[PDB]
Structure formats: C-alpha cells, structure tokens
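Here is what each chain is made of, one letter per residue.
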Amino acid sequence: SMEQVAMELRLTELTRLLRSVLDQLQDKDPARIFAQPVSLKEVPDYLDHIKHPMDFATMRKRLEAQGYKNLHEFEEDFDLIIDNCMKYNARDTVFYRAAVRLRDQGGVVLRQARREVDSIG
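Cut-offs and rules
Throughout, a per-chain count from 1 in the order the sequence is written supplies the residue numbers; the entry may number residues differently, and those without coordinates are omitted. With hydrogens and water set aside, each side-chain value is computed from the structure's full complement of heavy atoms. Residues with missing side-chain atoms are left out of burial classes, side-chain pairs and their counts. Here's how the labels work: a residue is buried when its accessible area is under 20% of the maximum for its type, exposed when over 50%, partly exposed in between, all with a 1.4 Å probe on protein chains only. We count a stretch as a helix when DSSP gives it H or I for four or more residues in a row; a strand needs E for two or more, and each element gets its number in order from the N terminus. Salt bridges are identified by distance alone: a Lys or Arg side-chain nitrogen within 4 Å of an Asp or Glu carboxyl oxygen.

(A) Spotlight on unusual backbone geometry. Of note in the backbone geometry, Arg-32 takes a positive phi value of approximately 60° without being a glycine. Assessed through its relative accessible area of 53%, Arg-32 is described here as exposed. For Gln-66, which is not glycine, the phi torsion reads 45° and is therefore positive. For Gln-66, the location among the structural elements is in the loop between α3 (56-64) and α4 (71-88). Relative accessible area serves as the criterion here: at 30%, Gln-66 is assigned to the partly exposed category.

(B) Quick peek at the pattern of salt bridges. Under the definition given, this model contains 6 salt bridges. With a shortest N-O distance of 2.7 Å, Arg-19 and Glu-64 are connected by a salt bridge. Of this pair, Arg-19 sits in helix α1 (residues 2-27) while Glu-64 sits in helix α3; the two residues are 45 residues apart in sequence, bridging distant segments of the chain. We classify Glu-64 as partly exposed; its relative accessible area is 43%. Between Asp-118 and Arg-114 there is a salt bridge whose closest N-O contact spans 3.0 Å. Of this pair, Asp-118 and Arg-114 both sit in helix α5 (residues 94-120), 4 residues apart, roughly one helical turn. For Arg-114, a relative accessible area of 32% puts it in the partly exposed group.

Have a look at this one:
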C-alpha cells in the first residue's frame, strides 16, 4: 500500500536523524570506552552483574537495520550504556567518570533531537 510506503519513508528519515544523533553522542566518548561490547573473554563475570549490555557498535547495528521505531527506543539503549557502566565500575574510575561526562554532554544533543523529531513529525 501507499500508506505502508509512507510509514517506511518516515522510518527512513528517523533513521537518518538518529544516525546524526549517534555520531554526535559518540564524539563525546573520545577515549572509545563505549565503542564496543564489554568482552566476556576479558570480563567473564560481566553478565552476572549486567543483564542488558549495550555499546555504540551494537546500537549502530540496530540503527542500520532501521530497528529504532521512535527516539524513546534509541534513548533507552543510550541510557543502558551509561547506566551499566555506572553500576559495574566504581566512582573513582576512569570508566565511571567517562560515563558521567557522556551523560552530561549527550543530554544537550538529545534535548534538541527530541524537538526535531516532534517538529518534523
């Protein structure tokens, strides 16, 4: 149907906007702490601690399959990156601190992304 195509075009355009958001957020992680999944070879107990691991590469795979239907879903995954790190790692660590800085800086980007998603529809 033509209605299905129109919904598909909206999903495609959201995907474009989320790709630009994702790029901007990942620039706020210049150390690349959150670039890839925590390795279970290197942190074998990780899944005993963290039930839903997340990282920027995993988000990018989902994004490229047009797997985020709305901004809320995308934000959920970004918050997992931050929140998982702040649980597993202590306050005095470079990891925790990186997460706090990513959260604070990413907040700015996400605030305007929400306006754009609502604005453009």
